[PDB]
>>> print(open('coords-v1.csv').read())   # CSV, N, CA and C atoms
chain,number,residue,atom,x,y,z
A,1,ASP,N,116.4,95.4,85.4
A,1,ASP,CA,115.6,96.6,85.3
A,1,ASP,C,114.9,96.8,86.7
A,2,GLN,N,114.9,98.0,87.2
A,2,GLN,CA,114.4,98.3,88.5
A,2,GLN,C,112.9,98.2,88.5
A,3,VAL,N,112.3,98.4,87.3
A,3,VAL,CA,110.8,98.2,87.1
A,3,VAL,C,110.4,96.8,87.5
A,4,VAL,N,111.3,95.8,87.1
A,4,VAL,CA,111.0,94.4,87.3
A,4,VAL,C,110.9,94.1,88.8
A,5,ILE,N,111.9,94.6,89.6
A,5,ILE,CA,111.9,94.4,91.0
A,5,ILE,C,110.6,94.9,91.7
A,6,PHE,N,110.2,96.2,91.4
A,6,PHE,CA,109.0,96.8,92.0
A,6,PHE,C,107.8,96.0,91.6
A,7,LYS,N,107.7,95.6,90.3
A,7,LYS,CA,106.5,94.9,89.8
A,7,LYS,C,106.4,93.6,90.5
A,8,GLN,N,107.5,92.9,90.6
A,8,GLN,CA,107.5,91.5,91.2
A,8,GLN,C,107.0,91.6,92.6
A,9,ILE,N,107.3,92.6,93.4
A,9,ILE,CA,106.8,92.8,94.7
A,9,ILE,C,105.3,92.9,94.7
A,10,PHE,N,104.7,93.7,93.8
A,10,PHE,CA,103.3,93.8,93.7
A,10,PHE,C,102.7,92.5,93.2
A,11,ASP,N,103.3,91.9,92.2
A,11,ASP,CA,102.8,90.6,91.7
A,11,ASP,C,102.6,89.6,92.8
A,12,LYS,N,103.5,89.5,93.7
A,12,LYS,CA,103.5,88.6,94.8
A,12,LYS,C,102.5,89.0,95.8
A,13,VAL,N,102.6,90.2,96.3
A,13,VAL,CA,101.8,90.7,97.4
A,13,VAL,C,100.3,90.7,97.2
A,14,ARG,N,99.9,90.8,95.9
A,14,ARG,CA,98.4,90.8,95.6
A,14,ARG,C,97.7,89.5,96.1
A,15,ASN,N,98.5,88.4,96.1
A,15,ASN,CA,97.9,87.1,96.5
A,15,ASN,C,98.6,86.6,97.8
A,16,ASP,N,99.9,87.0,98.0
A,16,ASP,CA,100.7,86.5,99.1
A,16,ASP,C,100.3,87.2,100.4
A,17,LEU,N,100.0,88.5,100.3
A,17,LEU,CA,99.5,89.3,101.4
A,17,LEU,C,100.5,89.5,102.5
A,18,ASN,N,101.8,89.3,102.3
A,18,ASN,CA,102.8,89.6,103.3
A,18,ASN,C,103.1,91.1,103.2
A,19,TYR,N,102.9,91.8,104.4
A,19,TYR,CA,103.0,93.2,104.4
A,19,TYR,C,104.4,93.7,105.0
A,20,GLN,N,105.1,92.8,105.7
A,20,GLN,CA,106.3,93.3,106.3
A,20,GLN,C,107.4,93.6,105.3
A,21,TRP,N,107.6,92.6,104.4
A,21,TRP,CA,108.6,92.8,103.3
A,21,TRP,C,108.1,93.9,102.3
A,22,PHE,N,106.8,93.9,102.1
A,22,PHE,CA,106.2,94.8,101.2
A,22,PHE,C,106.4,96.3,101.7
A,23,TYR,N,106.0,96.6,102.9
A,23,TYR,CA,106.2,97.9,103.5
A,23,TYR,C,107.7,98.2,103.8
A,24,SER,N,108.5,97.2,104.1
A,24,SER,CA,109.9,97.4,104.3
A,24,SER,C,110.6,97.9,103.0
A,25,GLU,N,110.3,97.2,101.9
A,25,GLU,CA,110.9,97.6,100.6
A,25,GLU,C,110.3,98.9,100.1
A,26,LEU,N,109.0,99.2,100.6
A,26,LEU,CA,108.4,100.4,100.2
A,26,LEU,C,109.2,101.6,100.8
A,27,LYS,N,109.4,101.6,102.1
A,27,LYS,CA,110.1,102.7,102.7
A,27,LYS,C,111.6,102.7,102.3
A,28,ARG,N,112.0,101.5,101.9
A,28,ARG,CA,113.5,101.3,101.6
A,28,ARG,C,113.7,101.7,100.1
A,29,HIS,N,112.7,102.0,99.3
A,29,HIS,CA,112.8,102.4,97.9
A,29,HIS,C,112.0,103.6,97.7
A,30,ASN,N,110.7,103.5,97.9
A,30,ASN,CA,109.8,104.6,97.7
A,30,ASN,C,109.8,105.5,98.9
A,31,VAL,N,110.7,106.5,98.9
A,31,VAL,CA,110.8,107.4,100.0
A,31,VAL,C,109.8,108.6,99.8
A,32,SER,N,109.1,108.6,98.7
A,32,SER,CA,108.2,109.7,98.4
A,32,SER,C,106.8,109.2,98.3
A,33,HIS,N,106.4,108.9,97.0
A,33,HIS,CA,105.0,108.4,96.8
A,33,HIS,C,104.9,107.7,95.5
A,34,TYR,N,104.0,106.7,95.4
A,34,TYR,CA,103.7,106.0,94.2
A,34,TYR,C,102.2,106.2,93.8
A,35,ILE,N,101.9,106.5,92.6
A,35,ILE,CA,100.6,106.7,92.1
A,35,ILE,C,100.1,105.5,91.3
A,36,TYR,N,99.3,104.7,92.0
A,36,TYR,CA,98.8,103.5,91.5
A,36,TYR,C,97.5,103.7,90.8
A,37,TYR,N,97.4,103.4,89.5
A,37,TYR,CA,96.2,103.5,88.7
A,37,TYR,C,95.5,102.2,88.5
A,38,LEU,N,94.4,102.0,89.2
A,38,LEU,CA,93.7,100.8,89.2
A,38,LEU,C,93.0,100.6,87.8
A,39,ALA,N,93.0,101.7,87.0
A,39,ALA,CA,92.4,101.7,85.7
A,39,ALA,C,93.2,100.9,84.7
A,40,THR,N,94.5,100.8,84.9
A,40,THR,CA,95.4,100.2,84.0
A,40,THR,C,96.4,99.2,84.7
A,41,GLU,N,96.3,99.2,86.0
A,41,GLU,CA,97.2,98.4,86.8
A,41,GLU,C,98.6,99.0,86.6
A,42,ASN,N,98.7,100.2,86.2
A,42,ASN,CA,100.0,100.9,86.0
A,42,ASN,C,100.3,101.8,87.2
A,43,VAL,N,101.6,101.8,87.6
A,43,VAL,CA,102.0,102.4,88.8
A,43,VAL,C,103.1,103.4,88.6
A,44,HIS,N,102.9,104.7,89.0
A,44,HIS,CA,103.9,105.7,88.9
A,44,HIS,C,104.6,105.8,90.2
A,45,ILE,N,105.7,105.1,90.4
A,45,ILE,CA,106.5,105.2,91.7
A,45,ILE,C,107.5,106.3,91.6
A,46,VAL,N,107.1,107.4,92.2
A,46,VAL,CA,108.0,108.6,92.2
A,46,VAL,C,108.9,108.4,93.5
A,47,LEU,N,110.1,108.1,93.3
A,47,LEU,CA,111.1,107.8,94.4
A,47,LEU,C,111.4,109.1,95.1
A,48,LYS,N,112.4,109.0,96.1
A,48,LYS,CA,112.8,110.2,96.9
A,48,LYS,C,113.1,111.4,96.0
A,49,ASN,N,114.1,111.2,95.1
A,49,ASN,CA,114.5,112.3,94.1
A,49,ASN,C,115.2,111.6,93.0
A,50,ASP,N,115.1,110.3,92.9
A,50,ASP,CA,115.9,109.5,92.1
A,50,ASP,C,115.3,109.4,90.7
A,51,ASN,N,114.2,108.7,90.5
A,51,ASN,CA,113.5,108.6,89.2
A,51,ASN,C,112.1,108.1,89.4
A,52,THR,N,111.3,108.0,88.4
A,52,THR,CA,110.0,107.5,88.4
A,52,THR,C,109.9,106.1,87.9
A,53,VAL,N,109.5,105.1,88.6
A,53,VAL,CA,109.4,103.8,88.2
A,53,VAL,C,107.9,103.5,87.7
A,54,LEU,N,107.8,103.0,86.5
A,54,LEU,CA,106.5,102.8,85.9
A,54,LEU,C,106.2,101.3,85.7
A,55,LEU,N,105.3,100.8,86.5
A,55,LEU,CA,104.9,99.4,86.4
A,55,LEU,C,103.7,99.2,85.4
A,56,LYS,N,103.7,98.1,84.7
A,56,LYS,CA,102.6,97.7,83.9
A,56,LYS,C,102.2,96.3,84.1
A,57,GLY,N,101.0,96.1,84.6
A,57,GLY,CA,100.4,94.8,84.8
A,57,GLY,C,99.0,94.7,84.4
A,58,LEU,N,98.4,93.5,84.6
A,58,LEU,CA,97.0,93.2,84.3
A,58,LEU,C,96.5,94.0,83.1
A,59,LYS,N,97.1,93.7,81.9
A,59,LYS,CA,96.8,94.5,80.7
A,59,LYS,C,95.4,94.1,80.2
A,60,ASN,N,94.4,94.9,80.7
A,60,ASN,CA,93.0,94.8,80.3
A,60,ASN,C,92.4,96.2,80.2
A,61,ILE,N,92.7,97.0,81.2
A,61,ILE,CA,92.3,98.4,81.3
A,61,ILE,C,90.7,98.5,81.6
A,62,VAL,N,90.4,99.5,82.3
A,62,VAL,CA,89.0,99.8,82.7
A,62,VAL,C,88.4,98.7,83.6
A,63,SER,N,88.9,98.7,84.8
A,63,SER,CA,88.5,97.8,85.9
A,63,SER,C,87.8,98.6,87.0
A,64,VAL,N,87.7,99.9,86.7
A,64,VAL,CA,87.2,100.9,87.6
A,64,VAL,C,85.8,101.4,87.2
A,65,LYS,N,85.0,101.8,88.2
A,65,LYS,CA,83.7,102.4,87.9
A,65,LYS,C,83.6,103.7,88.5
A,66,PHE,N,83.0,104.7,87.8
A,66,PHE,CA,82.9,106.0,88.3
A,66,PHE,C,81.7,106.1,89.3
A,67,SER,N,82.0,105.6,90.5
A,67,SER,CA,81.0,105.6,91.6
A,67,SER,C,81.7,105.9,92.9
A,68,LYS,N,82.0,107.2,93.1
A,68,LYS,CA,82.8,107.7,94.2
A,68,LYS,C,82.0,107.7,95.5
A,69,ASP,N,82.4,106.7,96.4
A,69,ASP,CA,81.7,106.6,97.7
A,69,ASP,C,82.8,106.4,98.7
A,70,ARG,N,82.7,107.1,99.8
A,70,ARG,CA,83.7,107.0,100.9
A,70,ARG,C,83.5,105.9,101.8
A,71,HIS,N,82.3,105.4,102.0
A,71,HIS,CA,81.9,104.4,102.9
A,71,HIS,C,82.4,103.0,102.4
A,72,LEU,N,82.2,102.8,101.1
A,72,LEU,CA,82.7,101.6,100.5
A,72,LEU,C,84.2,101.4,100.7
A,73,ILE,N,84.9,102.5,100.8
A,73,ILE,CA,86.3,102.5,101.0
A,73,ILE,C,86.6,102.0,102.4
A,74,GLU,N,86.0,102.6,103.4
A,74,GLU,CA,86.3,102.3,104.8
A,74,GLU,C,85.8,100.9,105.1
A,75,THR,N,84.7,100.5,104.5
A,75,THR,CA,84.2,99.1,104.7
A,75,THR,C,85.1,98.1,104.2
A,76,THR,N,85.8,98.4,103.1
A,76,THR,CA,86.7,97.5,102.5
A,76,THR,C,88.0,97.4,103.3
A,77,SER,N,88.5,98.5,103.8
A,77,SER,CA,89.7,98.5,104.7
A,77,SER,C,89.4,97.9,106.0
A,78,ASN,N,88.2,98.0,106.5
A,78,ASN,CA,87.7,97.3,107.7
A,78,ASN,C,87.8,95.8,107.5
A,79,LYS,N,87.4,95.3,106.3
A,79,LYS,CA,87.4,93.9,105.9
A,79,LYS,C,88.9,93.4,105.9
A,80,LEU,N,89.7,94.3,105.3
A,80,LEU,CA,91.2,94.0,105.3
A,80,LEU,C,91.8,94.0,106.7
A,81,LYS,N,91.3,94.9,107.5
A,81,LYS,CA,91.7,94.9,108.9
A,81,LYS,C,91.5,93.6,109.6
A,82,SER,N,90.3,93.0,109.4
A,82,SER,CA,89.9,91.8,110.1
A,82,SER,C,90.5,90.6,109.5
A,83,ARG,N,90.1,90.2,108.3
A,83,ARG,CA,90.6,88.9,107.7
A,83,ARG,C,91.7,89.1,106.7
A,84,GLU,N,91.9,90.3,106.3
A,84,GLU,CA,92.9,90.7,105.3
A,84,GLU,C,92.5,90.1,103.9
A,85,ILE,N,91.5,89.3,103.8
A,85,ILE,CA,90.9,88.7,102.6
A,85,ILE,C,92.0,88.4,101.5
A,86,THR,N,92.0,89.3,100.5
A,86,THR,CA,93.0,89.2,99.5
A,86,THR,C,93.2,90.6,98.9
A,87,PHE,N,94.5,91.0,98.6
A,87,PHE,CA,94.8,92.3,98.2
A,87,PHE,C,94.1,92.7,96.8
A,88,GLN,N,93.9,91.7,96.0
A,88,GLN,CA,93.3,91.9,94.7
A,88,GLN,C,91.8,92.3,94.9
A,89,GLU,N,91.1,91.6,95.8
A,89,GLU,CA,89.7,91.9,96.1
A,89,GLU,C,89.6,93.3,96.8
A,90,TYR,N,90.5,93.6,97.6
A,90,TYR,CA,90.6,94.9,98.3
A,90,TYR,C,90.5,96.0,97.3
A,91,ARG,N,91.3,95.8,96.2
A,91,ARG,CA,91.4,96.9,95.2
A,91,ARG,C,90.2,96.8,94.2
A,92,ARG,N,89.5,95.7,94.2
A,92,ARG,CA,88.3,95.5,93.3
A,92,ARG,C,87.2,96.4,93.9
A,93,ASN,N,87.0,96.3,95.2
A,93,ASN,CA,86.0,97.2,95.8
A,93,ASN,C,86.4,98.6,95.8
A,94,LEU,N,87.7,98.9,95.9
A,94,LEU,CA,88.1,100.3,95.7
A,94,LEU,C,87.9,100.8,94.3
A,95,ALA,N,88.1,100.0,93.3
A,95,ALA,CA,87.8,100.4,91.9
A,95,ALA,C,86.3,100.7,91.8
A,96,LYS,N,85.5,100.0,92.5
A,96,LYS,CA,84.0,100.2,92.5
A,96,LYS,C,83.7,101.4,93.3
A,97,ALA,N,84.6,101.9,94.1
A,97,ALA,CA,84.4,103.1,94.9
A,97,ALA,C,84.9,104.4,94.1
A,98,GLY,N,85.3,104.2,92.9
A,98,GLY,CA,85.7,105.3,92.0
A,98,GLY,C,87.2,105.8,92.3
A,99,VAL,N,87.9,104.9,92.9
A,99,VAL,CA,89.3,105.2,93.2
A,99,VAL,C,90.2,104.9,92.0
A,100,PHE,N,90.5,106.0,91.3
A,100,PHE,CA,91.4,105.9,90.1
A,100,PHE,C,92.8,106.2,90.4
A,101,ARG,N,93.0,107.0,91.5
A,101,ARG,CA,94.4,107.4,91.9
A,101,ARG,C,94.7,106.9,93.3
A,102,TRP,N,95.4,105.8,93.4
A,102,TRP,CA,95.9,105.2,94.6
A,102,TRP,C,97.3,105.9,94.9
A,103,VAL,N,97.3,107.0,95.6
A,103,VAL,CA,98.5,107.7,95.8
A,103,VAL,C,99.0,107.5,97.2
A,104,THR,N,100.0,106.6,97.4
A,104,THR,CA,100.5,106.3,98.7
A,104,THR,C,101.8,107.2,98.9
A,105,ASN,N,101.7,108.2,99.7
A,105,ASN,CA,102.8,109.2,99.9
A,105,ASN,C,103.4,108.8,101.2
A,106,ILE,N,104.4,107.9,101.2
A,106,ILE,CA,105.1,107.4,102.3
A,106,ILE,C,105.9,108.5,103.0
A,107,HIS,N,106.3,109.5,102.2
A,107,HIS,CA,107.1,110.6,102.7
A,107,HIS,C,106.3,111.4,103.7
A,108,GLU,N,105.0,111.4,103.6
A,108,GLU,CA,104.1,112.1,104.5
A,108,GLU,C,103.3,111.2,105.4
A,109,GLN,N,103.4,109.9,105.1
A,109,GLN,CA,102.8,108.8,105.9
A,109,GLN,C,101.3,108.7,105.6
A,110,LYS,N,100.9,109.2,104.4
A,110,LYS,CA,99.5,109.2,104.1
A,110,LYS,C,99.2,108.3,102.8
A,111,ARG,N,98.1,107.6,102.8
A,111,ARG,CA,97.7,106.9,101.6
A,111,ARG,C,96.4,107.6,101.1
A,112,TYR,N,96.5,108.3,100.0
A,112,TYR,CA,95.4,109.1,99.5
A,112,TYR,C,94.7,108.3,98.4
A,113,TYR,N,93.3,108.4,98.4
A,113,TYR,CA,92.5,107.8,97.4
A,113,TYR,C,91.8,108.9,96.7
A,114,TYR,N,92.2,109.1,95.4
A,114,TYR,CA,91.5,110.1,94.6
A,114,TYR,C,90.7,109.5,93.5
A,115,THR,N,89.7,110.2,93.1
A,115,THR,CA,88.9,109.8,91.9
A,115,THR,C,89.5,110.4,90.6
A,116,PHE,N,89.0,110.2,89.5
A,116,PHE,CA,89.5,110.6,88.2
A,116,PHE,C,89.6,112.2,88.2
A,117,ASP,N,88.6,112.8,88.8
A,117,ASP,CA,88.5,114.2,88.9
A,117,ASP,C,89.2,114.8,90.1
A,118,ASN,N,90.2,114.0,90.5
A,118,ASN,CA,91.2,114.3,91.5
A,118,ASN,C,90.6,114.8,92.9
A,119,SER,N,89.3,114.5,93.1
A,119,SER,CA,88.7,114.8,94.4
A,119,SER,C,89.2,113.7,95.4
A,120,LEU,N,89.5,114.2,96.6
A,120,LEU,CA,89.9,113.3,97.6
A,120,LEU,C,88.7,112.5,98.1
A,121,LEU,N,88.8,111.2,98.0
A,121,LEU,CA,87.7,110.4,98.4
A,121,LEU,C,88.0,110.0,99.9
A,122,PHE,N,89.2,109.6,100.2
A,122,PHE,CA,89.5,109.1,101.5
A,122,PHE,C,91.0,109.0,101.7
A,123,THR,N,91.5,108.9,102.9
A,123,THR,CA,92.9,108.8,103.2
A,123,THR,C,93.1,108.0,104.5
A,124,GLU,N,94.3,107.4,104.6
A,124,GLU,CA,94.6,106.6,105.8
A,124,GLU,C,96.1,106.6,106.0
A,125,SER,N,96.5,106.3,107.2
A,125,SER,CA,97.9,106.2,107.6
A,125,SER,C,98.4,104.8,107.2
A,126,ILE,N,99.6,104.8,106.5
A,126,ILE,CA,100.1,103.5,106.0
A,126,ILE,C,100.8,102.6,107.0
A,127,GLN,N,99.9,102.0,107.8
A,127,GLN,CA,100.4,101.0,108.9
A,127,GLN,C,99.2,100.2,109.3
>>> encode(input="coords-v1.csv", output="structure tokens")
Amino acid sequence: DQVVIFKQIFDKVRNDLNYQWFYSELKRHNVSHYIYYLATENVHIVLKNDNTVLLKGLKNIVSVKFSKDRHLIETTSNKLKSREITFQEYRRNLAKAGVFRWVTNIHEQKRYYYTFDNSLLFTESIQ
């Protein structure tokens, strides 16, 4: 199942932190955008024009807080920039920033961070 392949990449990268193979397979599979829900650890990978891959992990739900702040986002990415810390912690602070919709649109080279009310919190170039 193609869902298994995608999920396994994320399962590893959360703690492994290798970005080359991660981003390589990203552009080599996800030619459009994936919608990552930090609320359920569920990911809507909408491919080029192929199909939508739905991942399901960390079955607990509600790991996000409705506290939409843009600075908490940039501070967390700055931390990732320097030490890279851990991908799981990176998303923990993002969930605390009210990021419900992790929409990485590779097709446009943007990573959009939306709150539940679909307001644009922040965005960055995926590199």
>>> residues_around(input="coords-v1.csv", residues="region 97-106 of chain A", least_positions_apart="5", cutoff="8 Å", atoms="only N, CA and C atoms", output="JSON, numbers by chain")
{"A": [26, 27, 30, 31, 32, 33, 34, 35, 36, 37, 38, 39, 40, 64, 65, 66, 67, 68, 69, 70, 71, 72, 73, 91, 92, 111, 112, 113, 114, 115, 116, 117, 118, 121, 126]}
>>> closest_residue(input="coords-v1.csv", among="A:9, A:87, A:2, A:62", to="residue 24 (chain A)", atoms="only C-alpha atoms")
A:9
>>> select_by_dssp(input="coords-v1.csv", residues="chain A", states="strand (DSSP E)", output="PyMOL selection string")
chain A and resi 33-37+42-46+52-56+101-105+110-114+120-125
>>> select_by_dssp(input="coords-v1.csv", residues="chain A", states="helix (DSSP H, G or I)", output="MDAnalysis selection string")
chainID A and resid 2:16 20:29 70:82 87:96
>>> atom_distance(input="coords-v1.csv", atom1="CA of residue 53 (chain A)", atom2="atom C of residue 3 (chain A)")
7.1 Å
>>> atom_distance(input="coords-v1.csv", atom1="CA of residue 123 (chain A)", atom2="CA of residue 74 (chain A)")
9.4 Å
>>> atom_distance(input="coords-v1.csv", atom1="CA of residue 63 (chain A)", atom2="CA of residue 78 (chain A)")
21.8 Å
>>> residues_around(input="coords-v1.csv", residues="residue 14 (chain A)", least_positions_apart="2", cutoff="6.5 Å", atoms="all atoms listed in the file", output="list in words")
residues 9, 10, 11, 12, 16, 17, 86, 87 and 88 of chain A
>>> closest_residue(input="coords-v1.csv", among="A:41, A:108, A:124, A:84", to="residue 58 (chain A)", atoms="all atoms listed in the file")
A:41
>>> closest_residue(input="coords-v1.csv", among="A:82, A:4, A:94, A:75", to="residue 55 (chain A)", atoms="all atoms listed in the file")
A:4
